[PDB]
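Before any comments, here is the structure.
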Protein chains: 2
Amino acid sequence: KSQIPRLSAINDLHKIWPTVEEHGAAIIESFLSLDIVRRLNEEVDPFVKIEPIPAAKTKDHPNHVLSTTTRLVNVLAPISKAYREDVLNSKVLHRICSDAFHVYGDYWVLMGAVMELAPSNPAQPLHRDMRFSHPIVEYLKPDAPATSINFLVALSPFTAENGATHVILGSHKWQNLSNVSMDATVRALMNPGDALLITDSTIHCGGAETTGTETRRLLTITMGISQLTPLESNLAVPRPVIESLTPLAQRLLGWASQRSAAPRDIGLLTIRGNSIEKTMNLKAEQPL
Amino acid sequence: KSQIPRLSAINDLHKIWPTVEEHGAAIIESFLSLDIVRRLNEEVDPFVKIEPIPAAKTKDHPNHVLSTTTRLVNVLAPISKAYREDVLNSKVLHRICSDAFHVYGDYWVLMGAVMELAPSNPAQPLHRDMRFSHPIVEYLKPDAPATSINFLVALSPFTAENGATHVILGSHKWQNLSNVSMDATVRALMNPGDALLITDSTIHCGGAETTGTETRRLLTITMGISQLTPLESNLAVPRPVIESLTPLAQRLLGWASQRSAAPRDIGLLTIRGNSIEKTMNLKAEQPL
Ligand SMILES: COc1ccc(/C=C2/C(=O)Nc3ccccc3C(=O)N2C)cc1
Ligand SMILES: COc1ccc(/C=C2/C(=O)Nc3ccccc3C(=O)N2C)cc1
Ligand SMILES: [Br-]
Ligand SMILES: [Br-]
Ligand SMILES: [Br-]
Ligand SMILES: [Br-]
Ligand SMILES: [K+]
Ligand SMILES: [K+]
Ligand code: NI
Ligand code: NI
């Protein structure tokens, strides 16, 4: 059976989205440089260690889906300089998203999260993303263009034995889900910095960690149209850190108004005909 | 032909949404009391007078759709005590919205706006709302439950001669739009405080002002699922005014996390498993 298409971020940039549109998945080799991976890991390290279980009884919005040993850290902008500067302004990411979401309009981050999977983590059941947060997406027409996509960026090696992601190629076009089986999957073997790109309709799952020793880490960036509400909020991110960002990064974090692709678009998150950034006089690229 | 169903807010509360679901429109008599209408008008009065044309070249997000003589004022919470307290906590509104959006989950305000139509304002073309801001909604399946609804509340008399709203009953179920004609419409004749409730699929239009003397005013409250992005932002609303609101009102204005109806919902606008209100220690019902 056919393996997941592997593409260069440097040379095959224009081919990435068309490949995902056709096959439902693609591996972007060296999506992030090893330098960026190093700084990202270093910066988020302590936050994953202090992170409680997904469904901790202390939590207001517990995640009852993730395995108890998994640790997920989101709202990365205040944590990571590498995230807020390098990945939020990624030329590759923005070309792909604009290719993907041009029919709808502006896009933003629905969630940027670092996930660390513990040794012996079981495989996730095969699934499509967004079904625990956006019931609306299930009511979209079969041939509706994807309203969100997910960059699954390896922050440590993804191998068959340590639970590399499974995908079913072509499953993003499936309506009948009777052929859903692990038999139909292929793996996303990836070095740190490589990214598996899927859509919200791609049937997939995290793999089983079978060594009992290896800890697998990833950065999952769900990019979606600005008409859909993010899973995470940046409302509590201090103004100085927000004002250190680029205007593009500010928009991605919901600290700007947004536009649809409607010919006479009237906009989203506006204030009496004016933008958030104009109204609040929000500065950009201010060193903190 | 059949007139728009008229229902009591006091006695027919449970009948309102089922009526709209069947017919695409209903008039809620005395949705707001004359007291509330009086205070709302008094409070927004100066803001509509200073409001520039919809597509003013000074604006960041000009509205090129509205007639040039129309004035629209949104982000009403900081303007109006009556809006932020009485209408945002309306028992009738919240019963209707929970009836309407239970399949999806939480709902919030997509836009609360006062609109003043000038004398001799032409009729709007027949349309469905949301097509200039949320292209996504057009891609929803025909029988998908409505993801937004619009309360068109009369703040002055709605008459046939001064441009009362037109609706086509049953048009919310239409797929073929060849029978779209003013021939098929009925009017929403309303006293101040009455509300015309429609869905995002109800074909309708503002009527022609034919007297050349009367100024018509309305409060349009588009309520929609929390999975859809609002047309307006409350990000710049001062913290003291936000903290004077009820928790329910805070949620409606995007100053709280939100929940979907998914059995193991993971939430919207959360912060590492905790809500906005918990994280920021947001107070409620603090007199200012
Ligand atoms: C144990 O098996 C699983 C675990 C997760 C999902 C799916 C999701 C999801 O739809 N959204 C995302 C997106 C990024 C990161 C996490 C999540 C997440 O939390 N869940 C629940 C399915 C099955
Ligand atoms: C001149 O004819 C028109 C004027 C408006 C619309 C429709 C909308 C709309 O879809 N959303 C709303 C919702 C509330 C209040 C205003 C608006 C609005 O601004 N437009 C553009 C159509 C036709
Ligand atoms: Br997991
Ligand atoms: Br994974
Ligand atoms: Br108008
Ligand atoms: Br109207
Ligand atoms: K699942
Ligand atoms: K129109
Ligand atoms: Ni997944
Ligand atoms: Ni309308």
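Lettering and numbering for the structure tokens are positional, with chains as A, B, ... in the shown order, residues counted from 1 in each chain, and ligands counted from 1 in the shown order.
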
Practice item. Would you kindly report the residues of chain A within 6 Å of chain B, using only C-alpha atoms, as a ChimeraX atom specification? Key: /A:59-63,74,104,132-133,135,139-141,144,227-233,260,262,265-275

Find the residues of chain A that sit at most 9 Å from ligand 7; for each, write down the nearest two atoms and how far apart they are in Å, to one decimal. Count only C-alpha atoms and all ligand atoms. Sort by chain, then by number going up, and give it as JSON lines.
```
{"residue": "A:65", "atom": "CA", "partner": "ligand 7", "partner_atom_place_in_ligand_line": "1 (K)", "distance": 7.6}
{"residue": "A:124", "atom": "CA", "partner": "ligand 7", "partner_atom_place_in_ligand_line": "1 (K)", "distance": 7.5}
{"residue": "A:125", "atom": "CA", "partner": "ligand 7", "partner_atom_place_in_ligand_line": "1 (K)", "distance": 5.6}
{"residue": "A:126", "atom": "CA", "partner": "ligand 7", "partner_atom_place_in_ligand_line": "1 (K)", "distance": 6.5}
{"residue": "A:127", "atom": "CA", "partner": "ligand 7", "partner_atom_place_in_ligand_line": "1 (K)", "distance": 5.1}
{"residue": "A:128", "atom": "CA", "partner": "ligand 7", "partner_atom_place_in_ligand_line": "1 (K)", "distance": 7.4}
{"residue": "A:129", "atom": "CA", "partner": "ligand 7", "partner_atom_place_in_ligand_line": "1 (K)", "distance": 8.2}
{"residue": "A:131", "atom": "CA", "partner": "ligand 7", "partner_atom_place_in_ligand_line": "1 (K)", "distance": 7.9}
{"residue": "A:132", "atom": "CA", "partner": "ligand 7", "partner_atom_place_in_ligand_line": "1 (K)", "distance": 8.4}
{"residue": "A:205", "atom": "CA", "partner": "ligand 7", "partner_atom_place_in_ligand_line": "1 (K)", "distance": 8.9}
```

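Our summary of the geometry notes that atom CA of residue 182 of chain A is positioned 27.7 Å from atom CA of residue 15 of chain A.
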
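Using only C-alpha atoms, the smallest distance between any of B:96, B:252, B:152, B:245 and residue 167 of chain B comes from B:152.
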
Exercise for review: Quick one: everything within 12 Å of residue 2 of chain B, counting only C-alpha atoms, minus sequence neighbours fewer than 5 positions away in the same chain. Send it as a VMD selection string.
Suggested key: chain B and resid 23 25 to 26 167 to 170 184 to 187

Would you export the selected residues with N, CA, C and O atoms as a short mmCIF file (atom, residue, chain, number, x, y, z; two decimals), in the first residue's frame, please?
```cif
data_model
loop_
_atom_site.label_atom_id
_atom_site.label_comp_id
_atom_site.auth_asym_id
_atom_site.auth_seq_id
_atom_site.Cartn_x
_atom_site.Cartn_y
_atom_site.Cartn_z
N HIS B 23 -42.10 27.36 10.83
CA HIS B 23 -42.49 28.42 9.89
C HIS B 23 -41.35 29.33 9.43
O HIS B 23 -41.48 30.03 8.42
N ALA B 25 -40.28 31.91 11.10
CA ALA B 25 -40.46 33.22 11.71
C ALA B 25 -41.60 33.22 12.73
O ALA B 25 -42.56 32.45 12.61
N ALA B 26 -41.47 34.09 13.72
CA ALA B 26 -42.51 34.30 14.72
C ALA B 26 -42.34 35.68 15.33
O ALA B 26 -41.21 36.18 15.46
N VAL B 167 -40.89 38.83 5.50
CA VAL B 167 -40.38 37.46 5.56
C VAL B 167 -41.17 36.57 4.62
O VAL B 167 -42.34 36.83 4.35
N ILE B 168 -40.51 35.53 4.11
CA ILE B 168 -41.19 34.46 3.39
C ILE B 168 -41.27 33.27 4.33
O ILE B 168 -40.25 32.68 4.68
N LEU B 169 -42.49 32.93 4.75
CA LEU B 169 -42.69 31.81 5.67
C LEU B 169 -42.35 30.49 4.98
O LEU B 169 -42.72 30.27 3.83
N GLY B 170 -41.64 29.62 5.70
CA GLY B 170 -41.20 28.34 5.16
C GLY B 170 -39.91 28.40 4.35
O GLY B 170 -39.37 27.36 3.98
N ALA B 184 -44.19 36.69 -2.42
CA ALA B 184 -44.33 35.60 -1.44
C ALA B 184 -44.18 36.04 0.02
O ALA B 184 -44.27 35.21 0.91
N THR B 185 -43.98 37.34 0.26
CA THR B 185 -43.68 37.82 1.62
C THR B 185 -44.92 38.21 2.43
O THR B 185 -45.98 38.50 1.88
N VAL B 186 -44.74 38.20 3.75
CA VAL B 186 -45.68 38.82 4.68
C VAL B 186 -44.89 39.75 5.60
O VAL B 186 -43.66 39.63 5.71
N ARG B 187 -45.59 40.68 6.24
CA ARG B 187 -44.95 41.77 7.00
C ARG B 187 -44.92 41.49 8.49
O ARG B 187 -45.76 40.77 9.02
#
```

**Study point:** Shell around residue 69 of chain A at 8 Å using only C-alpha atoms, local window under 3 positions removed, as a PyMOL selection string
**Key:** chain A and resi 53+117-118+121

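You will find atom CA of residue 219 of chain A at 12.1 Å from atom CA of residue 80 of chain A.
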
**Study point:** For residue 177 of chain B: contacts at 10 Å, only C-alpha atoms, fewer than 4 positions along chain excluded, given as JSON, numbers by chain
**Key:** {"B": [171, 181, 203]}

Practice item. Report the residues of segment 38-204 of chain A whose backbone DSSP state falls under alpha helix (DSSP H), written as a ChimeraX atom specification. Key: /A:38-50,81,91-101

Restricted to N, CA, C and O atoms, what would the selected residues look like written as an mmCIF file, in the first residue's frame?
```cif
data_model
loop_
_atom_site.group_PDB
_atom_site.id
_atom_site.type_symbol
_atom_site.label_atom_id
_atom_site.label_comp_id
_atom_site.auth_asym_id
_atom_site.auth_seq_id
_atom_site.Cartn_x
_atom_site.Cartn_y
_atom_site.Cartn_z
ATOM 1 N N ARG A 38 14.907 22.710 19.262
ATOM 2 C CA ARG A 38 15.689 22.767 20.498
ATOM 3 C C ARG A 38 15.158 23.836 21.452
ATOM 4 O O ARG A 38 14.961 23.575 22.638
ATOM 5 N N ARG A 39 14.938 25.040 20.930
ATOM 6 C CA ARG A 39 14.475 26.161 21.747
ATOM 7 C C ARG A 39 13.040 25.962 22.231
ATOM 8 O O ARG A 39 12.713 26.298 23.370
ATOM 9 N N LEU A 40 12.198 25.410 21.360
ATOM 10 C CA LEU A 40 10.811 25.090 21.701
ATOM 11 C C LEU A 40 10.775 24.105 22.870
ATOM 12 O O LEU A 40 10.086 24.338 23.860
ATOM 13 N N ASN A 41 11.520 23.008 22.744
ATOM 14 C CA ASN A 41 11.584 21.988 23.794
ATOM 15 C C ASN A 41 12.078 22.551 25.122
ATOM 16 O O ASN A 41 11.452 22.341 26.159
ATOM 17 N N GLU A 42 13.193 23.274 25.070
ATOM 18 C CA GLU A 42 13.786 23.903 26.252
ATOM 19 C C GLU A 42 12.796 24.821 26.974
ATOM 20 O O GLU A 42 12.714 24.818 28.203
ATOM 21 N N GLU A 43 12.042 25.594 26.198
ATOM 22 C CA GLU A 43 11.113 26.584 26.744
ATOM 23 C C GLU A 43 9.851 25.959 27.351
ATOM 24 O O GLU A 43 9.363 26.428 28.379
ATOM 25 N N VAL A 44 9.329 24.904 26.729
ATOM 26 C CA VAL A 44 8.116 24.245 27.235
ATOM 27 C C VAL A 44 8.397 23.151 28.268
ATOM 28 O O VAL A 44 7.491 22.761 29.003
ATOM 29 N N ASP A 45 9.642 22.671 28.322
ATOM 30 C CA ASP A 45 10.050 21.601 29.250
ATOM 31 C C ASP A 45 9.394 21.689 30.634
ATOM 32 O O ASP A 45 8.674 20.771 31.026
ATOM 33 N N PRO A 46 9.631 22.790 31.372
ATOM 34 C CA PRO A 46 9.093 22.859 32.735
ATOM 35 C C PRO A 46 7.564 22.846 32.797
ATOM 36 O O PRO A 46 6.992 22.300 33.738
ATOM 37 N N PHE A 47 6.913 23.431 31.796
ATOM 38 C CA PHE A 47 5.454 23.501 31.778
ATOM 39 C C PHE A 47 4.789 22.142 31.565
ATOM 40 O O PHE A 47 3.704 21.910 32.091
ATOM 41 N N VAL A 48 5.430 21.236 30.829
ATOM 42 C CA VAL A 48 4.859 19.889 30.671
ATOM 43 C C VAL A 48 5.058 19.085 31.965
ATOM 44 O O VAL A 48 4.208 18.274 32.326
ATOM 45 N N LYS A 49 6.162 19.329 32.671
ATOM 46 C CA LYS A 49 6.442 18.609 33.921
ATOM 47 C C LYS A 49 5.476 18.982 35.044
ATOM 48 O O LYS A 49 5.126 18.132 35.865
ATOM 49 N N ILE A 50 5.046 20.242 35.085
ATOM 50 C CA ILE A 50 4.092 20.693 36.109
ATOM 51 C C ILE A 50 2.636 20.447 35.713
ATOM 52 O O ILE A 50 1.738 20.596 36.541
ATOM 53 N N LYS A 81 9.313 31.785 23.236
ATOM 54 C CA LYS A 81 9.759 32.790 22.274
ATOM 55 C C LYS A 81 9.868 32.184 20.877
ATOM 56 O O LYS A 81 9.532 32.833 19.888
ATOM 57 N N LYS A 91 6.773 30.870 7.191
ATOM 58 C CA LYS A 91 6.414 31.101 5.795
ATOM 59 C C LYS A 91 5.727 29.873 5.196
ATOM 60 O O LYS A 91 4.772 30.002 4.432
ATOM 61 N N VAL A 92 6.214 28.688 5.559
ATOM 62 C CA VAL A 92 5.658 27.435 5.050
ATOM 63 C C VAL A 92 4.228 27.232 5.552
ATOM 64 O O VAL A 92 3.332 26.911 4.772
ATOM 65 N N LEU A 93 4.022 27.424 6.852
ATOM 66 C CA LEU A 93 2.693 27.288 7.446
ATOM 67 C C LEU A 93 1.689 28.232 6.791
ATOM 68 O O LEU A 93 0.585 27.821 6.438
ATOM 69 N N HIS A 94 2.079 29.494 6.631
ATOM 70 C CA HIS A 94 1.171 30.512 6.101
ATOM 71 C C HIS A 94 0.841 30.324 4.620
ATOM 72 O O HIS A 94 -0.277 30.619 4.199
ATOM 73 N N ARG A 95 1.797 29.829 3.837
ATOM 74 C CA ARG A 95 1.526 29.501 2.437
ATOM 75 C C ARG A 95 0.508 28.362 2.349
ATOM 76 O O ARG A 95 -0.437 28.431 1.561
ATOM 77 N N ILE A 96 0.700 27.330 3.168
ATOM 78 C CA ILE A 96 -0.204 26.172 3.198
ATOM 79 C C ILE A 96 -1.618 26.568 3.633
ATOM 80 O O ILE A 96 -2.603 26.152 3.019
ATOM 81 N N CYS A 97 -1.712 27.369 4.693
ATOM 82 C CA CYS A 97 -3.008 27.792 5.226
ATOM 83 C C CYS A 97 -3.772 28.684 4.246
ATOM 84 O O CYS A 97 -4.983 28.529 4.088
ATOM 85 N N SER A 98 -3.067 29.603 3.587
ATOM 86 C CA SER A 98 -3.689 30.465 2.578
ATOM 87 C C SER A 98 -4.137 29.659 1.353
ATOM 88 O O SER A 98 -5.187 29.942 0.779
ATOM 89 N N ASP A 99 -3.351 28.652 0.967
ATOM 90 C CA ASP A 99 -3.776 27.702 -0.065
ATOM 91 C C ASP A 99 -5.038 26.968 0.385
ATOM 92 O O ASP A 99 -5.984 26.812 -0.385
ATOM 93 N N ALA A 100 -5.040 26.532 1.641
ATOM 94 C CA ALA A 100 -6.119 25.707 2.184
ATOM 95 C C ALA A 100 -7.428 26.460 2.414
ATOM 96 O O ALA A 100 -8.500 25.935 2.115
ATOM 97 N N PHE A 101 -7.339 27.684 2.932
ATOM 98 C CA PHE A 101 -8.521 28.388 3.446
ATOM 99 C C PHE A 101 -8.981 29.599 2.626
ATOM 100 O O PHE A 101 -9.828 30.366 3.089
#
```
